[PDB]
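Input: a single structure, listed below in structure tokens.
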There are 2 protein chains.
Amino acid sequence: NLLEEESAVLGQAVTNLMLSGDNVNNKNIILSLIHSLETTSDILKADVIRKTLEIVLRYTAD
Amino acid sequence: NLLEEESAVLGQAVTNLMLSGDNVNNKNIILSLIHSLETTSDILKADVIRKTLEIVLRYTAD
Ligand SMILES: CCCCCCCCO[C@@H]1O[C@H](CO)[C@H](O)[C@H](O)[C@H]1O
Ligand SMILES: CCCCCCCCO[C@@H]1O[C@H](CO)[C@H](O)[C@H](O)[C@H]1O
């Protein structure tokens with residue numbers, strides 16, 4: 001499925017925010033994804049986080 | 001991971017809303033999850049959607 005892996009990454013960011021008791025909003029999702037992107041060395045996993053970040057950025061902007 | 005499968009379901013609901021051009025908010029996520037729950041006959045998959053719905057409900061209620 002187009003966007004399947006991205007979905008899972010996005011869903012994890014949302015649950016992670018809820019677990020830390022933070023607000024689920026665009027800013028915090030972005031910061032969480034950027035944090036994930038910066039802490040992954042696996043370029044294949046990095047690709048998935050980057051696409052997820054892009055989709056959130058475009059949804060946020062639009 | 002505890003909450004791993006729930007994460008993926010929640011992430012899918014969020015992407016599905018963005019694809020249909022709808023607002024990403026609590027109401028619409030809940031409605032999307034209820035729709036998924038009502039259209040799944042696989043009781044193992046249903047269990048995951050039900051847990052995801054519960055988590056969103058409890059986060060929403062605060
Ligand atoms: C409205 C919000 C716009 C967000 C645009 C997402 C960032 C653009 O995508 C960028 O494209 C290039 C490769 O093609 C760069 O080298 C980056 O790797 C990539 O993130
Ligand atoms: C504040 C929002 C509460 C919404 C509760 C979601 C559905 C609750 O229903 C049930 O709760 C029980 C626990 O009390 C059981 O353990 C069940 O697993 C759960 O489905």
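Basis for what follows: all heavy atoms, side chains included, without hydrogens, waters or symmetry-related copies. Throughout, protein chains are lettered first and strands after them, A, B, ... in sequence-line order, and every chain is numbered starting at 1.
Distance check, rounded to the nearest 0.5 Å: CG of A/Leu10 to OG of B/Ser7 gives 9.5 Å. Distance OH/A/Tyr59 to CG/B/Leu17: 8.5 Å, rounded to 0.5 Å. With rounding to the nearest 0.5 Å, the separation of CD in A/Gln12 from CG in B/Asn1 is 7.0 Å.
B/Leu31 and B/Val9 are not part of a single hydrophobic cluster, where members link through side-chain heavy atoms under 4.5 Å apart. If you chain together hydrophobic residues whose side chains sit under 4.5 Å apart, B/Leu57 and B/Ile29 fall into the same group.
Contact annotation: the side chain of A/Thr15 never approaches that of B/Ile55 to less than 4.5 Å [non-hydrogen atoms, C-beta and beyond]. Looking at B/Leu3 and A/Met18, their side chains never come closer than 4.5 Å, going by heavy atoms from C-beta outward.
Heavy-atom distances place both the backbone and the side chain of B/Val24 under 4.5 Å from chain A.
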